[PDB]
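Novice: Before I ask anything, here is the structure I am working with.
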Amino acid sequence: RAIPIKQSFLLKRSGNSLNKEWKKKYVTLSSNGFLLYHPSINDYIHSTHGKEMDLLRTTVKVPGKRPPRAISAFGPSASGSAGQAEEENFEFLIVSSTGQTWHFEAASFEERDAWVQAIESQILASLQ
């Protein structure tokens, strides 16, 4: 008897660094300390091709980017760069214990946070 922590579509790179290309995927963060992701919805519904990453000893971080804090918690930061322009690129990575790294790009700005918090949350619960 578990409860979904975040289940929706996610973008997944499919090419290279110089030439990025994310495809429509389907991820489901469950309260069972497990992160699953399939090629698409037909995969989740029908249950075909659905990779799972243990949330016992996993890490979550952005693709080499500064701390995502658009809201800003006020206070002299280390380097409040970006004033007129902003990439606003919301993408997080899920690192497993075997090096396996699931890089996804949240379709929604708020969703990316829930997910990152869902993955870290599942890890915090499994750690304790």
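If you're wondering about the labels, chains in the structure tokens are A, B, ... by order shown, residues count from 1 in each chain, ligands from 1 in order shown.
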Neighbouring residues of region 25-35 of chain A were defined as those with any atom within 6 Å, considering only C-alpha atoms; residues of the same chain fewer than 4 positions away were excluded. Please report them as a ChimeraX atom specification.

Specialist: /A:2-11,39-41,52-55,122

Novice: For those residues, write N, CA, C and O atoms to a file as a short mmCIF file (atom, residue, chain, number, x, y, z; two decimals), in the first residue's frame.

Specialist:
data_model
loop_
_atom_site.label_atom_id
_atom_site.label_comp_id
_atom_site.auth_asym_id
_atom_site.auth_seq_id
_atom_site.Cartn_x
_atom_site.Cartn_y
_atom_site.Cartn_z
N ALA A 2 1.29 1.68 -1.19
CA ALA A 2 2.12 2.87 -1.33
C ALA A 2 1.32 4.01 -1.94
O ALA A 2 0.20 3.83 -2.40
N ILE A 3 1.92 5.20 -1.95
CA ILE A 3 1.27 6.38 -2.52
C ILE A 3 2.20 7.11 -3.49
O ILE A 3 3.36 7.37 -3.17
N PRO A 4 1.70 7.45 -4.69
CA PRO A 4 2.50 8.15 -5.70
C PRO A 4 2.99 9.51 -5.21
O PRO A 4 2.21 10.31 -4.69
N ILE A 5 4.28 9.75 -5.38
CA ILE A 5 4.88 11.01 -4.96
C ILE A 5 4.97 12.00 -6.13
O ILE A 5 5.08 13.20 -5.93
N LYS A 6 4.89 11.47 -7.35
CA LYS A 6 4.93 12.28 -8.56
C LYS A 6 4.92 11.38 -9.77
O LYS A 6 5.88 10.69 -10.04
N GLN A 7 3.83 11.40 -10.51
CA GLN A 7 3.74 10.57 -11.71
C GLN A 7 3.26 11.40 -12.89
O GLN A 7 2.12 11.85 -12.93
N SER A 8 4.15 11.60 -13.86
CA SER A 8 3.82 12.38 -15.04
C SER A 8 4.86 12.19 -16.14
O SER A 8 5.78 11.39 -16.00
N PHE A 9 4.70 12.93 -17.23
CA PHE A 9 5.62 12.84 -18.35
C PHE A 9 6.89 13.63 -18.08
O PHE A 9 6.88 14.63 -17.36
N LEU A 10 8.00 13.16 -18.65
CA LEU A 10 9.29 13.82 -18.47
C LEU A 10 10.11 13.73 -19.75
O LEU A 10 9.99 12.77 -20.51
N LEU A 11 10.96 14.73 -19.97
CA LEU A 11 11.81 14.74 -21.16
C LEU A 11 13.12 14.02 -20.86
O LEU A 11 13.71 14.21 -19.80
N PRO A 39 9.23 4.64 -21.61
CA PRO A 39 9.30 5.40 -22.86
C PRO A 39 8.15 6.39 -23.01
O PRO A 39 8.34 7.50 -23.52
N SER A 40 6.96 6.00 -22.57
CA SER A 40 5.78 6.86 -22.66
C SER A 40 4.65 6.35 -21.78
O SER A 40 4.85 5.46 -20.95
N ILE A 41 3.46 6.92 -21.95
CA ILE A 41 2.29 6.52 -21.17
C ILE A 41 1.86 5.10 -21.53
O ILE A 41 1.58 4.30 -20.64
N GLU A 52 13.49 1.09 -13.39
CA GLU A 52 13.32 1.50 -12.00
C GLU A 52 14.67 1.69 -11.33
O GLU A 52 15.60 0.91 -11.53
N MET A 53 14.78 2.76 -10.55
CA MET A 53 16.01 3.08 -9.85
C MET A 53 15.78 3.14 -8.34
O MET A 53 14.96 3.93 -7.86
N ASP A 54 16.49 2.29 -7.60
CA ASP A 54 16.36 2.25 -6.15
C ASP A 54 16.65 3.61 -5.54
O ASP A 54 17.63 4.27 -5.90
N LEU A 55 15.80 4.04 -4.62
CA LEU A 55 15.96 5.33 -3.97
C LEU A 55 16.63 5.18 -2.60
O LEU A 55 16.43 6.01 -1.71
N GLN A 122 12.22 10.20 -0.86
CA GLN A 122 12.22 8.74 -0.82
C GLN A 122 13.55 8.24 -0.26
O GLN A 122 13.60 7.22 0.44
#

Novice: Could you tell me, as a short mmCIF file (atom, residue, chain, number, x, y, z; two decimals) with N, CA and C atoms, in the first residue's frame, which residues of chain A DSSP assigns to helix (DSSP H, G or I) when given the backbone?

Specialist:
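Ended up saving to selection10.cif:
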data_model
loop_
_atom_site.label_atom_id
_atom_site.label_comp_id
_atom_site.auth_asym_id
_atom_site.auth_seq_id
_atom_site.Cartn_x
_atom_site.Cartn_y
_atom_site.Cartn_z
N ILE A 41 3.46 6.92 -21.95
CA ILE A 41 2.29 6.52 -21.17
C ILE A 41 1.86 5.10 -21.53
N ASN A 42 1.82 4.80 -22.82
CA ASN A 42 1.44 3.46 -23.27
C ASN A 42 2.27 2.41 -22.55
N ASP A 43 3.47 2.80 -22.12
CA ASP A 43 4.36 1.91 -21.40
C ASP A 43 3.90 1.73 -19.96
N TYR A 44 3.47 2.83 -19.34
CA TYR A 44 3.00 2.79 -17.96
C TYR A 44 1.66 2.06 -17.88
N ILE A 45 0.73 2.48 -18.72
CA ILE A 45 -0.60 1.89 -18.78
C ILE A 45 -0.52 0.39 -19.07
N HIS A 46 0.02 0.09 -20.24
CA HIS A 46 0.16 -1.28 -20.71
C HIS A 46 1.26 -2.04 -19.97
N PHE A 109 7.53 23.77 -14.19
CA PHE A 109 8.52 24.33 -13.29
C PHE A 109 8.30 23.86 -11.86
N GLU A 110 7.04 23.76 -11.46
CA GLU A 110 6.70 23.31 -10.11
C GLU A 110 6.91 21.80 -9.97
N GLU A 111 6.64 21.08 -11.05
CA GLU A 111 6.79 19.63 -11.06
C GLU A 111 8.24 19.22 -10.82
N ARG A 112 9.17 19.94 -11.44
CA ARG A 112 10.59 19.63 -11.30
C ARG A 112 11.01 19.64 -9.83
N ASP A 113 10.40 20.54 -9.06
CA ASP A 113 10.71 20.65 -7.64
C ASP A 113 10.13 19.47 -6.88
N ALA A 114 8.85 19.18 -7.12
CA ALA A 114 8.19 18.07 -6.46
C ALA A 114 8.97 16.78 -6.69
N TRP A 115 9.35 16.55 -7.94
CA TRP A 115 10.12 15.37 -8.30
C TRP A 115 11.45 15.33 -7.55
N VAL A 116 12.23 16.40 -7.67
CA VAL A 116 13.51 16.47 -6.99
C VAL A 116 13.33 16.26 -5.49
N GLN A 117 12.20 16.73 -4.96
CA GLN A 117 11.90 16.57 -3.55
C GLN A 117 11.37 15.17 -3.28
N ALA A 118 10.70 14.59 -4.27
CA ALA A 118 10.15 13.25 -4.15
C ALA A 118 11.27 12.22 -4.10
N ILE A 119 12.24 12.39 -5.00
CA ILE A 119 13.38 11.49 -5.06
C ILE A 119 14.22 11.61 -3.79
N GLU A 120 14.53 12.84 -3.41
CA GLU A 120 15.32 13.07 -2.20
C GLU A 120 14.52 12.65 -0.97
N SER A 121 13.20 12.81 -1.04
CA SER A 121 12.33 12.43 0.06
C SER A 121 12.33 10.92 0.25
N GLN A 122 12.22 10.20 -0.86
CA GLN A 122 12.22 8.74 -0.82
C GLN A 122 13.55 8.24 -0.26
N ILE A 123 14.62 8.96 -0.57
CA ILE A 123 15.95 8.60 -0.10
C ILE A 123 16.10 8.92 1.38
N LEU A 124 15.47 10.01 1.82
CA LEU A 124 15.52 10.42 3.21
C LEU A 124 14.76 9.43 4.09
N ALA A 125 13.68 8.88 3.55
CA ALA A 125 12.86 7.92 4.28
C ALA A 125 13.54 6.56 4.35
N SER A 126 14.22 6.20 3.27
CA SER A 126 14.92 4.92 3.20
C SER A 126 16.21 4.96 4.01
N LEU A 127 16.80 6.15 4.10
CA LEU A 127 18.04 6.33 4.85
C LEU A 127 17.80 6.19 6.35
#

Novice: So that I can check the secondary structure, give me every residue of region 13-126 of chain A assigned strand (DSSP E or B) by backbone DSSP, as a VMD selection string.

Specialist: chain A and resid 13 22 to 30 34 to 38 51 to 54 59 to 61 92 to 95 101 to 106

Novice: Only N, CA and C atoms, please: the residues just picked out, written as a short mmCIF file (atom, residue, chain, number, x, y, z; two decimals), in the first residue's frame.

Specialist:
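The file below, selection.cif, is the result:
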data_model
loop_
_atom_site.label_atom_id
_atom_site.label_comp_id
_atom_site.auth_asym_id
_atom_site.auth_seq_id
_atom_site.Cartn_x
_atom_site.Cartn_y
_atom_site.Cartn_z
N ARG A 13 16.97 13.12 -22.55
CA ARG A 13 17.97 13.34 -23.59
C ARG A 13 18.13 12.10 -24.47
N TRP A 22 15.55 15.85 -26.15
CA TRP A 22 14.75 15.16 -25.16
C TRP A 22 13.44 14.65 -25.76
N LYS A 23 13.08 13.42 -25.41
CA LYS A 23 11.85 12.81 -25.90
C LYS A 23 10.83 12.69 -24.77
N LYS A 24 9.56 12.56 -25.14
CA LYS A 24 8.49 12.44 -24.16
C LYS A 24 8.55 11.09 -23.45
N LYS A 25 8.70 11.13 -22.13
CA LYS A 25 8.77 9.92 -21.32
C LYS A 25 7.68 9.94 -20.25
N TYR A 26 7.70 8.94 -19.38
CA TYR A 26 6.72 8.84 -18.31
C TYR A 26 7.38 8.33 -17.04
N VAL A 27 7.43 9.16 -16.01
CA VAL A 27 8.05 8.78 -14.75
C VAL A 27 7.05 8.74 -13.62
N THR A 28 7.28 7.85 -12.67
CA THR A 28 6.41 7.74 -11.51
C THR A 28 7.22 7.53 -10.24
N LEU A 29 7.20 8.55 -9.39
CA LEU A 29 7.88 8.50 -8.11
C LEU A 29 6.90 7.97 -7.08
N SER A 30 7.19 6.80 -6.54
CA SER A 30 6.31 6.18 -5.56
C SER A 30 6.85 6.34 -4.15
N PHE A 34 11.08 4.14 -4.72
CA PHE A 34 11.38 3.64 -6.05
C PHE A 34 11.01 4.65 -7.12
N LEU A 35 11.94 4.86 -8.05
CA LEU A 35 11.72 5.79 -9.15
C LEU A 35 11.65 5.02 -10.46
N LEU A 36 10.49 5.07 -11.13
CA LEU A 36 10.32 4.35 -12.39
C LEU A 36 10.08 5.30 -13.55
N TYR A 37 10.55 4.91 -14.73
CA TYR A 37 10.37 5.72 -15.93
C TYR A 37 10.28 4.84 -17.17
N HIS A 38 9.24 5.08 -17.97
CA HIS A 38 9.00 4.32 -19.19
C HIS A 38 9.06 5.23 -20.41
N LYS A 51 11.96 1.24 -16.63
CA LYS A 51 13.14 1.17 -15.79
C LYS A 51 12.86 1.71 -14.39
N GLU A 52 13.49 1.09 -13.39
CA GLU A 52 13.32 1.50 -12.00
C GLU A 52 14.67 1.69 -11.33
N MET A 53 14.78 2.76 -10.55
CA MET A 53 16.01 3.08 -9.85
C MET A 53 15.78 3.14 -8.34
N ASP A 54 16.49 2.29 -7.60
CA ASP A 54 16.36 2.25 -6.15
C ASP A 54 16.65 3.61 -5.54
N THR A 59 21.29 9.95 -5.86
CA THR A 59 21.55 11.38 -5.75
C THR A 59 20.78 12.14 -6.82
N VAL A 60 20.43 13.38 -6.52
CA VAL A 60 19.69 14.21 -7.46
C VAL A 60 20.35 15.57 -7.63
N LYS A 61 20.66 15.93 -8.88
CA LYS A 61 21.29 17.21 -9.16
C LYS A 61 21.03 17.67 -10.59
N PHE A 92 16.62 17.87 -13.94
CA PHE A 92 17.30 17.20 -12.83
C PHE A 92 17.77 15.80 -13.23
N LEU A 93 18.83 15.33 -12.56
CA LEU A 93 19.38 14.01 -12.84
C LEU A 93 19.27 13.09 -11.63
N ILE A 94 19.04 11.81 -11.89
CA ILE A 94 18.92 10.80 -10.84
C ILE A 94 20.07 9.81 -10.93
N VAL A 95 21.00 9.87 -9.99
CA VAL A 95 22.15 8.97 -10.01
C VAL A 95 21.95 7.77 -9.10
N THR A 101 22.61 7.09 -14.44
CA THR A 101 22.08 8.42 -14.20
C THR A 101 20.89 8.73 -15.10
N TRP A 102 19.72 8.90 -14.49
CA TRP A 102 18.51 9.23 -15.22
C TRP A 102 18.35 10.74 -15.32
N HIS A 103 18.59 11.29 -16.50
CA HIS A 103 18.45 12.73 -16.68
C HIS A 103 17.10 13.06 -17.29
N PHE A 104 16.28 13.79 -16.54
CA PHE A 104 14.95 14.17 -17.02
C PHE A 104 14.76 15.68 -17.00
N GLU A 105 13.82 16.15 -17.82
CA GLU A 105 13.50 17.57 -17.90
C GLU A 105 12.02 17.77 -17.61
N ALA A 106 11.71 18.20 -16.39
CA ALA A 106 10.34 18.42 -15.97
C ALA A 106 9.60 19.36 -16.92
#

Novice: Could you work out how far CA of residue 97 (chain A) lies from CA of residue 67 (chain A), giving the answer in Å with one decimal?

Specialist: 23.5 Å
